[PDB]
Amino acid sequence: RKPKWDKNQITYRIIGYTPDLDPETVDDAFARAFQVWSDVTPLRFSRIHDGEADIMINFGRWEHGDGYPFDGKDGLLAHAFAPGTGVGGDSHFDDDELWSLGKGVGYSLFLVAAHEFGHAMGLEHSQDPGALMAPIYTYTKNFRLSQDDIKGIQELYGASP
Ligand SMILES: [Ca+2]
Ligand SMILES: [Ca+2]
Ligand SMILES: [Ca+2]
Ligand SMILES: [Zn+2]
Ligand SMILES: [Zn+2]
């Protein structure tokens with residue numbers, strides 16, 4: 001009934017950056033976001049620096065060339081497409097927002113990314129208020145995956161070796 005990736009080897013590339021954080025910190029917040037899923041499944045993520053990747057990462061504001069617009073400060077935060085060719089799997093983040101690692105003021109890039117990557121793997125929203133896949137953003141200092149999230153991703157790719 002649902003679409004998923006054919007093999008467990010997926011590539012990704014950060015083709016656009018934001019002015020709000022150091023490039024090395026951005027690369028780290030994105031890798032940490034992928035690991036939350038690879039720790040409970042057989043999935044493997046490899047970063048490439050040339051050519052097109054399975055999951056293209058980017059930033060944008062308002063219409064950015066895909067029919068699905070953003071909306072300035074606050075409101076929508078980001079979005080991702082289901083497993084598919086071409087644009088499928090791509091994750092876009094709104095740059096009218098202030099990205100940080102939570103706290104002071106802004107939205108945690110690590111938290112929003114972990115959520116969008118669940119989409120790129122084939123997950124939908126969850127009715128569980130405490131789930132990472134819930135539709136609303138909530139900041140928490142000590143993050144941990146809920147049973148609901150673990151149960152859904154393992155249903156699609158199996159459990160961790
Ligand atoms: Ca917005
Ligand atoms: Ca893609
Ligand atoms: Ca910004
Ligand atoms: Zn987009
Ligand atoms: Zn979502």
# chains A, B, ... in the order shown; residues from 1 in each chain; ligands from 1

$ residues_near_ligand --ligand "ligand 1" --cutoff "8 Å" --atoms "only C-alpha atoms and all ligand atoms" --output "PyMOL selection string"
chain A and resi 61+70-78+94-97

$ closest_atom_pairs --of "chain A" --to "ligand 4" --cutoff "6 Å" --atoms "only C-alpha atoms and all ligand atoms" --output "tab-separated table"
residue	atom	partner	partner_atom_place_in_ligand_line	distance
A:66	CA	ligand 4	1 (Zn)	5.4
A:68	CA	ligand 4	1 (Zn)	5.7
A:92	CA	ligand 4	1 (Zn)	5.1

$ residues_near_ligand --ligand "ligand 5" --cutoff "12 Å" --atoms "only C-alpha atoms and all ligand atoms" --output "MDAnalysis selection string"
chainID A and resid 76:82 91:93 111:120 122:126 131:137

$ write_last_selection --atoms "C-alpha atoms" --output "PDB file, in the first residue's frame"
ATOM      1  CA  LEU A  76       5.315  26.411   8.237  1.00  0.00           C
ATOM      2  CA  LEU A  77       8.892  25.295   8.971  1.00  0.00           C
ATOM      3  CA  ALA A  78       9.894  22.740   6.349  1.00  0.00           C
ATOM      4  CA  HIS A  79       8.642  19.892   4.124  1.00  0.00           C
ATOM      5  CA  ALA A  80       9.853  16.690   2.406  1.00  0.00           C
ATOM      6  CA  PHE A  81       8.696  14.346  -0.388  1.00  0.00           C
ATOM      7  CA  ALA A  82       7.974  10.587  -0.211  1.00  0.00           C
ATOM      8  CA  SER A  91      13.984  18.074   1.952  1.00  0.00           C
ATOM      9  CA  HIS A  92      13.529  21.855   1.929  1.00  0.00           C
ATOM     10  CA  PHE A  93      13.842  24.283   4.843  1.00  0.00           C
ATOM     11  CA  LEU A 111      14.831  18.611  15.432  1.00  0.00           C
ATOM     12  CA  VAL A 112      13.067  19.813  12.259  1.00  0.00           C
ATOM     13  CA  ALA A 113      15.464  17.773  10.066  1.00  0.00           C
ATOM     14  CA  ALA A 114      14.908  14.523  11.976  1.00  0.00           C
ATOM     15  CA  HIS A 115      11.187  15.047  11.288  1.00  0.00           C
ATOM     16  CA  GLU A 116      11.511  15.781   7.563  1.00  0.00           C
ATOM     17  CA  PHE A 117      13.823  12.769   7.035  1.00  0.00           C
ATOM     18  CA  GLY A 118      11.069  10.548   8.415  1.00  0.00           C
ATOM     19  CA  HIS A 119       9.015  11.737   5.451  1.00  0.00           C
ATOM     20  CA  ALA A 120      11.780  11.081   2.923  1.00  0.00           C
ATOM     21  CA  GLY A 122       8.187   6.966   3.714  1.00  0.00           C
ATOM     22  CA  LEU A 123       6.500   7.959   7.012  1.00  0.00           C
ATOM     23  CA  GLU A 124       3.285   9.979   7.432  1.00  0.00           C
ATOM     24  CA  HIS A 125       2.012  11.959  10.438  1.00  0.00           C
ATOM     25  CA  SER A 126       1.196  10.369  13.780  1.00  0.00           C
ATOM     26  CA  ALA A 131       5.799  11.417  18.551  1.00  0.00           C
ATOM     27  CA  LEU A 132       8.556  12.963  16.432  1.00  0.00           C
ATOM     28  CA  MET A 133       6.122  12.614  13.513  1.00  0.00           C
ATOM     29  CA  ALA A 134       3.430  14.771  15.169  1.00  0.00           C
ATOM     30  CA  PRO A 135       2.457  17.782  12.969  1.00  0.00           C
ATOM     31  CA  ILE A 136       3.408  20.449  15.573  1.00  0.00           C
ATOM     32  CA  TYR A 137       6.915  21.596  16.575  1.00  0.00           C
TER      33      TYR A 137
END

$ closest_residue --among "A:161, A:42, A:130, A:23" --to "residue 10 of chain A" --atoms "only C-alpha atoms"
A:42

$ closest_residue --among "A:48, A:87, A:150, A:36" --to "ligand 2" --atoms "only C-alpha atoms and all ligand atoms"
A:87

$ closest_residue --among "A:85, A:142, A:147, A:58" --to "residue 26 of chain A" --atoms "only C-alpha atoms"
A:58

$ residues_near_ligand --ligand "ligand 2" --cutoff "8 Å" --atoms "only C-alpha atoms and all ligand atoms" --output "number ranges by chain"
A: 53-56, 84-90

$ write_last_selection --atoms "N, CA and C atoms" --output "mmCIF file, in the first residue's frame"
data_model
loop_
_atom_site.group_PDB
_atom_site.id
_atom_site.type_symbol
_atom_site.label_atom_id
_atom_site.label_comp_id
_atom_site.auth_asym_id
_atom_site.auth_seq_id
_atom_site.Cartn_x
_atom_site.Cartn_y
_atom_site.Cartn_z
ATOM 1 N N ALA A 53 22.183 13.546 -5.692
ATOM 2 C CA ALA A 53 22.019 12.523 -4.667
ATOM 3 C C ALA A 53 20.565 12.127 -4.506
ATOM 4 N N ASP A 54 20.336 11.019 -3.817
ATOM 5 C CA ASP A 54 18.981 10.550 -3.595
ATOM 6 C C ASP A 54 18.161 11.559 -2.814
ATOM 7 N N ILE A 55 18.798 12.223 -1.855
ATOM 8 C CA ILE A 55 18.116 13.228 -1.045
ATOM 9 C C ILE A 55 18.880 14.545 -1.115
ATOM 10 N N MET A 56 18.301 15.494 -1.842
ATOM 11 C CA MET A 56 18.901 16.806 -2.016
ATOM 12 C C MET A 56 18.368 17.727 -0.932
ATOM 13 N N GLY A 84 10.849 8.428 -3.877
ATOM 14 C CA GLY A 84 10.583 8.461 -5.307
ATOM 15 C C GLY A 84 11.780 8.985 -6.085
ATOM 16 N N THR A 85 11.716 8.926 -7.410
ATOM 17 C CA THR A 85 12.824 9.407 -8.227
ATOM 18 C C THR A 85 12.725 10.916 -8.427
ATOM 19 N N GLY A 86 13.805 11.511 -8.923
ATOM 20 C CA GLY A 86 13.808 12.941 -9.152
ATOM 21 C C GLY A 86 13.709 13.746 -7.875
ATOM 22 N N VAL A 87 12.553 14.349 -7.641
ATOM 23 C CA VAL A 87 12.329 15.185 -6.460
ATOM 24 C C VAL A 87 11.947 14.388 -5.224
ATOM 25 N N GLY A 88 11.423 13.184 -5.426
ATOM 26 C CA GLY A 88 11.049 12.363 -4.290
ATOM 27 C C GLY A 88 12.231 12.264 -3.343
ATOM 28 N N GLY A 89 11.970 12.410 -2.051
ATOM 29 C CA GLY A 89 13.034 12.337 -1.066
ATOM 30 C C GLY A 89 13.665 13.668 -0.692
ATOM 31 N N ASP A 90 13.546 14.674 -1.551
ATOM 32 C CA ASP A 90 14.125 15.996 -1.285
ATOM 33 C C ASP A 90 13.528 16.679 -0.036
#

$ residues_around --residues "residue 100 of chain A" --least-positions-apart "2" --cutoff "10 Å" --atoms "only C-alpha atoms" --output "list in words"
residues 20, 21, 25, 26, 29, 97, 98, 102, 103, 104, 105, 106, 107, 108, 109 and 110 of chain A

$ write_last_selection --atoms "N, CA and C atoms" --output "compact mmCIF listing (two decimals), in the first residue's frame"
# COMPACT_ATOMS: atom_id res chain seq x y z
N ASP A 20 22.49 31.59 8.85
CA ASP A 20 22.35 31.55 10.31
C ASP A 20 23.30 30.71 11.14
N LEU A 21 23.94 29.70 10.55
CA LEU A 21 24.85 28.82 11.32
C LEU A 21 26.14 28.51 10.56
N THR A 25 28.68 23.14 11.59
CA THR A 25 27.61 22.85 12.55
C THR A 25 26.36 22.33 11.81
N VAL A 26 26.10 22.90 10.63
CA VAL A 26 24.97 22.50 9.81
C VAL A 26 25.16 21.04 9.38
N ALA A 29 24.39 18.79 12.36
CA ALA A 29 22.99 18.71 12.75
C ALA A 29 22.21 17.83 11.78
N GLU A 97 13.18 31.87 8.68
CA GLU A 97 13.22 31.45 10.08
C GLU A 97 14.65 31.62 10.59
N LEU A 98 14.80 31.68 11.91
CA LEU A 98 16.12 31.79 12.53
C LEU A 98 16.51 30.40 13.02
N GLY A 102 18.19 25.27 19.14
CA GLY A 102 17.17 25.44 20.17
C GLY A 102 17.66 26.42 21.25
N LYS A 103 16.77 26.76 22.19
CA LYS A 103 17.07 27.69 23.32
C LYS A 103 16.82 29.19 23.05
N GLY A 104 17.87 30.01 23.13
CA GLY A 104 17.80 31.47 22.94
C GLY A 104 16.57 31.99 22.21
N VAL A 105 16.49 31.64 20.93
CA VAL A 105 15.38 32.02 20.07
C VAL A 105 15.65 31.48 18.65
N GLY A 106 14.71 30.66 18.17
CA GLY A 106 14.82 30.09 16.85
C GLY A 106 14.28 28.68 16.90
N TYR A 107 14.51 27.93 15.82
CA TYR A 107 14.05 26.56 15.75
C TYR A 107 15.26 25.66 15.58
N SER A 108 15.26 24.53 16.27
CA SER A 108 16.36 23.59 16.18
C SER A 108 16.41 22.89 14.84
N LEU A 109 17.47 23.17 14.08
CA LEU A 109 17.65 22.54 12.78
C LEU A 109 17.74 21.02 12.92
N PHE A 110 18.30 20.53 14.03
CA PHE A 110 18.43 19.10 14.26
C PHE A 110 17.06 18.43 14.45

$ atom_distance --atom1 "atom CA of residue 5 of chain A" --atom2 "atom CA of residue 153 of chain A"
12.1 Å

$ select_by_dssp --residues "segment 9-151 of chain A" --states "strand (DSSP E)" --output "number ranges by chain"
A: 9-14, 44-47, 55-60, 78-80, 91-94, 99-100, 107-108

$ select_by_dssp --residues "segment 7-143 of chain A" --states "helix (DSSP H, G or I)" --output "VMD selection string"
chain A and resid 23 to 38 109 to 121

$ write_last_selection --atoms "N, CA and C atoms" --output "PDB file, in the first residue's frame"
ATOM      1  N   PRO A  23      28.865  26.432   8.626  1.00  0.00           N
ATOM      2  CA  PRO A  23      28.717  25.267   7.741  1.00  0.00           C
ATOM      3  C   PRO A  23      29.034  23.923   8.390  1.00  0.00           C
ATOM      4  N   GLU A  24      30.032  23.891   9.263  1.00  0.00           N
ATOM      5  CA  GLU A  24      30.403  22.651   9.932  1.00  0.00           C
ATOM      6  C   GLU A  24      29.338  22.187  10.933  1.00  0.00           C
ATOM      7  N   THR A  25      28.677  23.142  11.590  1.00  0.00           N
ATOM      8  CA  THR A  25      27.609  22.846  12.549  1.00  0.00           C
ATOM      9  C   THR A  25      26.363  22.333  11.811  1.00  0.00           C
ATOM     10  N   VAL A  26      26.104  22.900  10.631  1.00  0.00           N
ATOM     11  CA  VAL A  26      24.974  22.497   9.811  1.00  0.00           C
ATOM     12  C   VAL A  26      25.155  21.040   9.380  1.00  0.00           C
ATOM     13  N   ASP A  27      26.355  20.716   8.926  1.00  0.00           N
ATOM     14  CA  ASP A  27      26.670  19.372   8.472  1.00  0.00           C
ATOM     15  C   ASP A  27      26.489  18.362   9.597  1.00  0.00           C
ATOM     16  N   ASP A  28      26.759  18.807  10.813  1.00  0.00           N
ATOM     17  CA  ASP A  28      26.635  17.958  11.984  1.00  0.00           C
ATOM     18  C   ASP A  28      25.190  17.734  12.415  1.00  0.00           C
ATOM     19  N   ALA A  29      24.388  18.789  12.359  1.00  0.00           N
ATOM     20  CA  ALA A  29      22.993  18.707  12.747  1.00  0.00           C
ATOM     21  C   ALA A  29      22.213  17.829  11.777  1.00  0.00           C
ATOM     22  N   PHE A  30      22.693  17.747  10.542  1.00  0.00           N
ATOM     23  CA  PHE A  30      22.043  16.951   9.510  1.00  0.00           C
ATOM     24  C   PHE A  30      22.426  15.478   9.612  1.00  0.00           C
ATOM     25  N   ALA A  31      23.685  15.220   9.951  1.00  0.00           N
ATOM     26  CA  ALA A  31      24.150  13.851  10.086  1.00  0.00           C
ATOM     27  C   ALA A  31      23.519  13.240  11.325  1.00  0.00           C
ATOM     28  N   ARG A  32      23.446  14.021  12.399  1.00  0.00           N
ATOM     29  CA  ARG A  32      22.852  13.538  13.640  1.00  0.00           C
ATOM     30  C   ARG A  32      21.372  13.201  13.441  1.00  0.00           C
ATOM     31  N   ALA A  33      20.713  13.944  12.551  1.00  0.00           N
ATOM     32  CA  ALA A  33      19.303  13.744  12.218  1.00  0.00           C
ATOM     33  C   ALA A  33      19.074  12.417  11.482  1.00  0.00           C
ATOM     34  N   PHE A  34      20.029  12.018  10.636  1.00  0.00           N
ATOM     35  CA  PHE A  34      19.954  10.756   9.888  1.00  0.00           C
ATOM     36  C   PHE A  34      20.163   9.539  10.782  1.00  0.00           C
ATOM     37  N   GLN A  35      21.066   9.687  11.748  1.00  0.00           N
ATOM     38  CA  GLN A  35      21.423   8.624  12.675  1.00  0.00           C
ATOM     39  C   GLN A  35      20.291   8.153  13.566  1.00  0.00           C
ATOM     40  N   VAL A  36      19.402   9.074  13.922  1.00  0.00           N
ATOM     41  CA  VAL A  36      18.265   8.730  14.763  1.00  0.00           C
ATOM     42  C   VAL A  36      17.438   7.610  14.121  1.00  0.00           C
ATOM     43  N   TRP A  37      17.480   7.524  12.790  1.00  0.00           N
ATOM     44  CA  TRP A  37      16.756   6.498  12.037  1.00  0.00           C
ATOM     45  C   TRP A  37      17.615   5.262  11.739  1.00  0.00           C
ATOM     46  N   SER A  38      18.905   5.474  11.499  1.00  0.00           N
ATOM     47  CA  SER A  38      19.819   4.380  11.199  1.00  0.00           C
ATOM     48  C   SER A  38      20.168   3.528  12.420  1.00  0.00           C
ATOM     49  N   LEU A 109      17.466  23.166  14.077  1.00  0.00           N
ATOM     50  CA  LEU A 109      17.651  22.541  12.783  1.00  0.00           C
ATOM     51  C   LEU A 109      17.739  21.016  12.916  1.00  0.00           C
ATOM     52  N   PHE A 110      18.299  20.534  14.026  1.00  0.00           N
ATOM     53  CA  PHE A 110      18.426  19.096  14.264  1.00  0.00           C
ATOM     54  C   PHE A 110      17.064  18.432  14.454  1.00  0.00           C
ATOM     55  N   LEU A 111      16.170  19.117  15.162  1.00  0.00           N
ATOM     56  CA  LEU A 111      14.831  18.611  15.432  1.00  0.00           C
ATOM     57  C   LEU A 111      13.934  18.609  14.187  1.00  0.00           C
ATOM     58  N   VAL A 112      13.883  19.723  13.468  1.00  0.00           N
ATOM     59  CA  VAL A 112      13.067  19.813  12.259  1.00  0.00           C
ATOM     60  C   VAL A 112      13.569  18.860  11.153  1.00  0.00           C
ATOM     61  N   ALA A 113      14.881  18.667  11.073  1.00  0.00           N
ATOM     62  CA  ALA A 113      15.464  17.773  10.066  1.00  0.00           C
ATOM     63  C   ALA A 113      15.147  16.299  10.345  1.00  0.00           C
ATOM     64  N   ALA A 114      15.200  15.903  11.617  1.00  0.00           N
ATOM     65  CA  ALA A 114      14.908  14.523  11.976  1.00  0.00           C
ATOM     66  C   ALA A 114      13.474  14.181  11.537  1.00  0.00           C
ATOM     67  N   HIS A 115      12.586  15.170  11.667  1.00  0.00           N
ATOM     68  CA  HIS A 115      11.187  15.047  11.288  1.00  0.00           C
ATOM     69  C   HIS A 115      10.982  14.974   9.770  1.00  0.00           C
ATOM     70  N   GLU A 116      11.666  15.821   9.012  1.00  0.00           N
ATOM     71  CA  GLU A 116      11.511  15.781   7.563  1.00  0.00           C
ATOM     72  C   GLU A 116      12.089  14.484   6.965  1.00  0.00           C
ATOM     73  N   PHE A 117      13.193  13.994   7.530  1.00  0.00           N
ATOM     74  CA  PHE A 117      13.823  12.769   7.035  1.00  0.00           C
ATOM     75  C   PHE A 117      12.946  11.544   7.260  1.00  0.00           C
ATOM     76  N   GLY A 118      11.997  11.646   8.189  1.00  0.00           N
ATOM     77  CA  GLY A 118      11.069  10.548   8.415  1.00  0.00           C
ATOM     78  C   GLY A 118      10.144  10.486   7.209  1.00  0.00           C
ATOM     79  N   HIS A 119       9.859  11.646   6.628  1.00  0.00           N
ATOM     80  CA  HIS A 119       9.015  11.737   5.451  1.00  0.00           C
ATOM     81  C   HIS A 119       9.726  11.142   4.250  1.00  0.00           C
ATOM     82  N   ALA A 120      10.969  11.568   4.040  1.00  0.00           N
ATOM     83  CA  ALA A 120      11.780  11.081   2.923  1.00  0.00           C
ATOM     84  C   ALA A 120      11.986   9.559   2.915  1.00  0.00           C
ATOM     85  N   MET A 121      11.771   8.918   4.066  1.00  0.00           N
ATOM     86  CA  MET A 121      11.907   7.463   4.182  1.00  0.00           C
ATOM     87  C   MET A 121      10.579   6.769   3.909  1.00  0.00           C
TER      88      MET A 121
END

$ closest_residue --among "A:18, A:46, A:41, A:140" --to "ligand 3" --atoms "only C-alpha atoms and all ligand atoms"
A:18

$ closest_residue --among "A:127, A:19, A:60, A:101" --to "residue 139 of chain A" --atoms "only C-alpha atoms"
A:101

$ closest_residue --among "A:141, A:59, A:128, A:146" --to "ligand 3" --atoms "only C-alpha atoms and all ligand atoms"
A:59

$ atom_distance --atom1 "atom CA of residue 17 of chain A" --atom2 "atom CA of residue 45 of chain A"
19.5 Å

$ atom_distance --atom1 "atom CA of residue 138 of chain A" --atom2 "atom CA of residue 16 of chain A"
25.4 Å
